[PDB]
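We begin with a single chain expressed as structure tokens, specifically the form deposited in one PDB entry.
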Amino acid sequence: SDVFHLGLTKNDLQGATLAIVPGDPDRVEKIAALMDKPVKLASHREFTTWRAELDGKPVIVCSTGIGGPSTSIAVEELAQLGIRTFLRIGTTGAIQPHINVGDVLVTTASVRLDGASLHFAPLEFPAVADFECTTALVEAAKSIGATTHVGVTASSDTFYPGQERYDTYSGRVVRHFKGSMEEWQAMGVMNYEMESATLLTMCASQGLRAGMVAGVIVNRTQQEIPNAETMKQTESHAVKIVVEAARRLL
């Protein structure tokens, strides 16, 4: 292996320069399966990597795991191997009433509620997505007619308090985050996720291109019993979109 965690060699990528990075290792195969000649390259810790072919060009799919820390490792090591474009496809919880479960959200920039982004640039630096990737993702979503929303995303190092959830063990939320969701809502923030802040910041400040898209599997403002079928259908929609976006970025 040429890198410390991914268990991959430069040769494994066969010259690939673009990688699709889902948060869940389980989603990696599903994404690769949409492309040609999918092959599993490795699996270590939360990092599962597959290689596939898109329009004759080798493409990488590598899970980041949950959070900026593992994400920073995956991006850095993939970059060490030649990857220059990263497209994240994940799941998210919307916080706006007009956004529905099943909708696809494209992040223009993220509210930095993470710690890793700070290891690449001070807080004042914007966790903004690459313009070409965002455009490709937007066009891709439009190509299949998906209900899409484009805007700001709150990226939290936490699934519970940072996203102001009280249905927890302690049932408390530290002062800094009390009433934080309502604030983000008033500011027009579309959703909560846990890797975009780190991904976009580290890429934007290091000459790497990054895009971010996620399917809504829950809406914090509208109570409704989760539909597993709907979730699977949503993830499928987003996956088709991230792959189609990758085609435009080759």
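By rigid core we mean the largest C-alpha set that fits within 1.5 Å across both forms. All residue numbers refer to positions in the sequence shown, first residue = 1.
Colleague: Counting the other entries of this protein, is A228 left out in at least a third of them?
Modeller: Result for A228: often missing, at least a third of the compared entries.
Colleague: Going by the mean C-alpha B-factor recorded in the entry, which is higher: 227 to 235 or 11 to 19?
Modeller: Looking at the recorded C-alpha B-factors, 227 to 235 comes out higher on average.
Colleague: Mean Cα B factor from the PDB record: higher for 54 to 62, or higher for 209 to 217?
Modeller: Looking at the record's C-alpha B-factors, the answer is 54 to 62.
Colleague: Specify which of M202, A186, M194, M35 carries the largest Cα B factor in the deposited PDB entry.
Modeller: In the PDB entry, the greatest C-alpha B-factor among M202, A186, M194, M35 is found at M35.
Colleague: Of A74, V128, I144, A116, which one's C-alpha B factor is largest in the deposited record?
Modeller: By C-alpha B-factor in the record, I144 ranks first.
Colleague: Splitting the chain's C-alpha B-factors into thirds, which one does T92 fall into?
Modeller: Tercile = middle for this residue's CA B-factor.
Colleague: In terms of the chain's CA B-factor thirds, is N100 lowest, middle or highest?
Modeller: Top third by C-alpha B-factor.
Colleague: Could you tell me which third, lowest, middle or highest, the C-alpha B-factor of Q222 occupies within its chain?
Modeller: For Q222, whose C-alpha B-factor we compare with every modelled residue in the chain, the answer is the highest third.
Colleague: Classify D157 as lowest, middle or highest third according to the C-alpha B-factor given in the PDB entry, relative to its own chain.
Modeller: Lowest third - that is where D157 ends up once the chain's C-alpha B-factors are sorted.
Colleague: Tell me, lowest, middle or highest third: where does the Cα B factor of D167 rank within its chain?
Modeller: Highest third - that is where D167 ends up once the chain's C-alpha B-factors are sorted.
What comes next is about the form deposited in another entry, which does not appear here.
Colleague: If you fit the two forms on their rigid core, which residue out of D26, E183, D55, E224 shows a CA shift of at least 2 Å between the shown form and the other one?
Modeller: Only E224 moves by 2 Å or more at its C-alpha.
Colleague: Shorter or longer C-alpha distance for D36 and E229 in the other form, given it differs from this form by 3 Å or more?
Modeller: Farther: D36 and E229 separate by 3 Å or more in the other form.
Colleague: Do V101 and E224 move together or apart in the other form, judged by C-alpha distance changing 3 Å or more?
Modeller: Their C-alpha distance grows by at least 3 Å in the other form.
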